[PDB]
Amino acid sequence: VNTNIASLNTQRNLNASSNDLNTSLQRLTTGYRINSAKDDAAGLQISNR
Amino acid sequence: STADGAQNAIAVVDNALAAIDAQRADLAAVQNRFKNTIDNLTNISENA
Amino acid sequence: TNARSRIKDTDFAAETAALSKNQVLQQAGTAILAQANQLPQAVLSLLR
Amino acid sequence: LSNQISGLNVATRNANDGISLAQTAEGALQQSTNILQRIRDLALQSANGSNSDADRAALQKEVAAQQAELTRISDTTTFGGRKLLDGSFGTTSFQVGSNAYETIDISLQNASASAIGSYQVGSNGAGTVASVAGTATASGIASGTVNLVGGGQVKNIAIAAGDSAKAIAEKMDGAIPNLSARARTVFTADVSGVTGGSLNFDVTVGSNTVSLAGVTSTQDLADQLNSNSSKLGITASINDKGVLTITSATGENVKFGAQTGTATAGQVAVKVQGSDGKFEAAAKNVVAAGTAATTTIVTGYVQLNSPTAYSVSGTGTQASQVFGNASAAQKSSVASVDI
Amino acid sequence: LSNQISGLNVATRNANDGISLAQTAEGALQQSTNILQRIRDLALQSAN
Amino acid sequence: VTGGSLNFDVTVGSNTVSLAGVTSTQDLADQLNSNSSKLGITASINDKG
Amino acid sequence: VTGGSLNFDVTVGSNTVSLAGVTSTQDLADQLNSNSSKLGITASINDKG
């Protein structure tokens with residue numbers, strides 16, 4: 005097994021964890037669990053109203 | 393200016409933000425669909 | 441405003457823990473990568 | 054021996070191809086699980102407090118986009134242009150031995166799509182219309198020995214003449230594996246004009262009996278129910294429209310007693326909620342000033358959610374008096390799911 | 054399989070581009086939502 | 247469309263619903279977009295209407 | 247199949263079971279596949295049912 009390595013699941017999990025980390029960092033630096041972004045559009049409408 | 397505006401503008405902004413948040417919810421849908429499809433896509437490419 | 445706080449402002453008491461978990465998981469992933477990217481090198485250098 | 058080793062080597066290679074194909078399918082199924090759990094989040098958030106989230110259209114759009122993404126996950130799995138989990142899968146069988154017809158079968162799912170394999174539904178108005186179960190009537194729930202089918206565990210549920218929807222649900226529950234049964238009686242009311250007097254009638258909800266009096270408008274009966282909320286465990290609701298709405302979490306077969314009023318003309322029409330939905334348009338009164346009216350009781354509906362396959366039948370009235378002329382749990386209806 | 058994985062990678066990159074586009078759109082729409090907030094503010098101030 | 251609505255049935259293979267309130271091009275677009283999930287359609291209105 | 251169940255006995259060599267609740271092509275398939283191990287047979291439903 006040398007033309008490729010099956011460890012690319014690690015890259016997949018790393019990308020997923022990095023996106024989750026950016027979301028958590030944004031939520032922390034903004035203080036809003038429901039960010040002004042797309043997340044929880046229903047809660048977004050409730051917050052807007 | 394005097395009478396109508398004070399309330400007509402509310403009549404505007406209510407449905408205005410309603411439509412804006414409708415578009416924001418459509419964007420939320422397409423982006424969540426994008427996250428799901430890109431995760432599926434990485435997984436199926438890795439299995440392939 | 442109490443409703444808006446209940447719906448918007450994060451209860452970060454668990455968000456900090458989630459952030460620490462994400463950080464240690466990322467570091468663990470980099471460690472797994474550093475260990476796994478070295479297996480084919482070893483198997484080729486020792487089998488050849 | 055050379056024949057044997059060659060056959061075993063090529064069989065090992067075919068099995069490697071097969072296990073890789075199976076991992077592709079497993080990843081597709083994992084993604085469908087993620088989509089379904091996200092749908093569950095959006096559905097329980099879709100509770101909206103039942104009146105608070107004015108963006109119900111955008112929420113249905115969100116759920117519809119998630120459904121379209123699920124149907125796309127069904128596709129795009131073309132491991133060789135032969136998409137596995139959706140469409141028409143040939144139910145292949147990988148040969149793993151050095152002998153003829155020595156193979157290992159696989160029974161991949163037909164589709165992650167609509168009713169083609171989502172949870173089958175046994176409902177009241179499923180076929181055309183619903184009998185006594187889920188509508189008003191005079192006599193009430195009659196006798197019967199409705200037959201149940203599924204998992205080789207046929208069980209003739211005995212439904213006596215008079216059993217409320219709650220009792221019927223509790224009865225059909227249990228024996229049949231992975232089947233559940235809820236009870237629900239949702240009925241509205243609308244008092245008509247009262248010529249010279251009011252409607253002094255009664256309401257027997259199960260054991261206890263209401264002794265209300267002086268009904269001239271829907272609002273009067275509304276207050277009478279809201280006050281009697283202690284005794285009768287059935288919440289009432291009158292919106293700005295004018296249609297008083299009464300719902301029972303349990304599912305008791307509400308009955309309206311005799312109309313011993315003092316008026317001369319008038320009636321109180323009621324409707325009953327259907328199984329799937331589409332609240333009844335055709336009205337029918339339970340009490341009427343003057344001549345005695347018909348359909349004096351109100352019987353709720355039940356719903357038999359079924360994961361894979363669950364058939365039900367009944368001799369004549371028995372089948373109708375539960376789920377009408379259904380005889381099949383078909384029309385899983387995950388596509389038509391609304392929010 | 055090579056055709057498939059190449060198509061999957063380019064689809065991944067196109068999906069990332071689409072995610073970025075939709076996120077820019079979401080930022081623009083939340084900005085417009087803040088503008089509508091300020092417009093209702095000034096409108097109810099116009100009661101005066 | 248004059249003097250009433252053009253309410254019509256939309257039959258697509260197995261699943262079938264019936265739209266109502268048809269009075270303009272955008273009206274269709276919208277309601278079909280609402281029912282696209284059930285009917286299995288892709289209702290897309292372009293910039294040219 | 248009308249008015250009742252098609253409960254019937256399944257004899258396979260030595261082991262013998264008696265199926266019940268079968269009312270459709272899918273039903274019999276599922277019930278047989280459930281007991282496929284005991285009977286030592288291969289009950290498989292195809293795409294065409």
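Residue numbers (the deposited numbering), protein chains in the order written: chain G, 5 to 53; chain D, 393 to 440; chain F, 441 to 488; chain P, 54 to 392; chain H, 54 to 101; chain Z, 247 to 295; chain X, 247 to 295. Beta carbons: idealized from backbone N, C-alpha and C, even for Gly.
Straight-line CA distance for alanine 191 of chain P to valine 351 of chain P? Between the alpha carbons of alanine 191 of chain P and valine 351 of chain P lies a gap of roughly 9 Å.
Taking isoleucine 72 of chain P as the reference, which of P:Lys284, P:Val339, P:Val185 and P:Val149 has the closest Cα? Ranked by how close their Cα comes to the Cα of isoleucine 72 of chain P, the residues P:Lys284, P:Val339, P:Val185 and P:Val149 have P:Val149 in first place.
Could one say the Cβ of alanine 20 of chain G lies closer than 7 Å to chain P's Cβ atoms, at least one of them? Contact with chain P is absent for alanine 20 of chain G, since none of that chain's Cβ atoms lies less than 7 Å from the residue's Cβ.
Nearest-angstrom beta carbon gap, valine 202 of chain P and residue 207 of chain X [assumed within contact, 8 Å]: Since the first residue of chain X shown is 247 and the last is 295, residue 207 of chain X is not available in this structure.
Enclosing beta strand (DSSP E) for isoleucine 291 of chain X [first to last residue]: Careful: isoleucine 291 of chain X lies outside any beta strand (DSSP E) and carries neither H nor E.
How long is the line joining the alpha carbons of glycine 319 of chain P and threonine 344 of chain P, rounded to whole angstroms? Rounded to the nearest angstrom, the two C-alpha atoms are 10 Å apart.
Quick check: the Cα distance between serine 127 of chain P and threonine 34 of chain G, rounded to an integer number of angstroms? For the pair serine 127 of chain P and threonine 34 of chain G, the Cα-to-Cα distance works out to about 38 Å.
Could you run through the segment 20-34 of chain G and flag, in chain order, every residue whose CB is less than 8 Å away from some CB of chain F? When C-beta distances to chain F are compared with 8 Å, the residues of the segment 20-34 of chain G below that value are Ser21, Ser22, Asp24, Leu25, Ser28, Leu29, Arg31 and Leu32, in chain order.
Compile a chain-ordered list of the residues in the segment 202-218 of chain P whose CB is closer than 7 Å to at least one CB of chain X. Correct list: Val202, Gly203, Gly204, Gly205, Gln206 and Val207.
Under a Cβ-count criterion, where at least 16 other Cβ atoms within 10 Å of its own Cβ denotes burial, should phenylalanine 254 of chain Z be classed as buried or exposed? When all chains shown are included, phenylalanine 254 of chain Z counts as exposed.
Shorter than 7 Å from the beta carbon of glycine 295 of chain P to some beta carbon of chain X? For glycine 295 of chain P, not one C-beta of chain X is nearer than 7 Å to its own C-beta.
Between which two residues does the alpha helix (DSSP H) harbouring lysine 384 of chain P extend? Note, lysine 384 of chain P: premise wrong, no alpha helix (DSSP H); not H, not E.
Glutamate 455 of chain F versus G:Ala45, G:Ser51 and G:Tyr36, residue with shortest Cα-Cα distance: G:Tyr36 is the residue among G:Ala45, G:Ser51 and G:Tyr36 whose C-alpha sits nearest the C-alpha of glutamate 455 of chain F.
Where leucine 112 of chain P meets chain G, residues with beta-carbon distance less than 8 Å: The answer, in chain order, is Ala45 and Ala46.
Pair within 7 Å by beta-carbon distance, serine 165 of chain P and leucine 137 of chain P: Not a contact, by the Cβ cut-off of 7 Å.
Assuming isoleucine 88 of chain P and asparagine 439 of chain D make a contact with CB atoms under 8 Å, what is their CB distance in whole Å? Contact doesn't hold; Cβ gap of about 18 Å is too wide.
Under three-state DSSP, which class holds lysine 284 of chain P? It is coil, neither helix nor strand.
Does the pairing of the segment 401-419 of chain D with the segment 383-392 of chain P give three or more beta-carbon distances under 8 Å? Remark: fewer than three beta-carbon pairs, one from each stretch, lie closer than 8 Å, so the segment 401-419 of chain D and the segment 383-392 of chain P are not flagged as touching.
Quick one: list the residues of chain H neighbouring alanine 41 of chain G, beta-carbon separation under 9 Å, in chain order. Here the neighbours are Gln76, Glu79, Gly80 and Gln83.
I need the straight-line Cα distance from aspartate 226 of chain P to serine 233 of chain P, nearest angstrom please. Distance between the alpha carbons of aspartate 226 of chain P and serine 233 of chain P is about 6 Å.
Straight-line Cα distance separating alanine 107 of chain P from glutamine 15 of chain G: Answer to the nearest angstrom: the Cα atoms are 41 Å apart.
Boundaries (first-last residue) of the beta strand (DSSP E) holding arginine 235 of chain P: For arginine 235 of chain P, the enclosing beta strand (DSSP E) begins and ends at 235-244.
Could one say the Cβ of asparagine 52 of chain G lies closer than 7 Å to chain D's Cβ atoms, at least one of them? Taking 7 Å as the threshold, the shortest C-beta distance from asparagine 52 of chain G to chain D falls below it.
Shortest alpha-carbon distance to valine 244 of chain P belongs to which of P:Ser85, P:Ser373, P:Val321 and P:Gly369? The option with the nearest alpha carbon to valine 244 of chain P is P:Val321.
Within the continuous alpha helix (DSSP H) that includes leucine 12 of chain G, where are the two ends? Counting along the chain, the alpha helix (DSSP H) containing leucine 12 of chain G begins and ends at 12-34.
Terminal residues of the continuous beta strand (DSSP E) containing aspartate 255 of chain X? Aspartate 255 of chain X -> beta strand (DSSP E) spans 254-257.
Do the CB positions of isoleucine 194 of chain P and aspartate 158 of chain P come within less than 7 Å of each other? The answer is no: Cβ separation not under 7 Å.
CB-CB under 8 Å to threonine 262 of chain P, same chain, minus the five flanking residues each way: which ones, in chain order? The answer, listed in chain order, is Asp255, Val256 and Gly310.
Using a C-beta to C-beta distance shorter than 7 Å, which residues of chain C count as neighbours of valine 422 of chain D? Of the chains in the structure shown, none is chain C; the protein chains are G, D, F, P, H, Z and X.
Taking Cβ positions only, does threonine 434 of chain D come closer than 7 Å to chain G? Yes, its Cβ sits closer than 7 Å to a Cβ of chain G.
DSSP on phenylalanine 426 of chain D, reduced to helix/strand/coil? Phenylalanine 426 of chain D falls in the helix class under three-state DSSP.
If the cut-off is 7 Å on Cβ atoms, which residues from the segment 264-283 of chain X count as contacting chain P, listed in chain order? Shown in chain order are the members of the segment 264-283 of chain X whose Cβ falls below 7 Å from a Cβ of chain P: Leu265, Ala266, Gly267, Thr269, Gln272, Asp273, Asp276 and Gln277.
Identify which residue in D:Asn407, D:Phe426, D:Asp431 and D:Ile436 has its Cα closest to the Cα of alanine 121 of chain P. With distances taken between Cα atoms, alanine 121 of chain P lies closest to D:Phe426.
Can you check whether the C-beta of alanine 408 of chain D is within less than 7 Å of a C-beta belonging to chain P? It does not; no Cβ of chain P falls within 7 Å.
Host alpha helix (DSSP H) of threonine 300 of chain P (start-end): Unbroken run through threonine 300 of chain P is the beta strand (DSSP E), 297-301; no alpha helix (DSSP H).
Proximity to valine 390 of chain P [Cα-Cα], best of P:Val63, P:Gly60 and P:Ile92: Answer by Cα proximity: P:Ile92.
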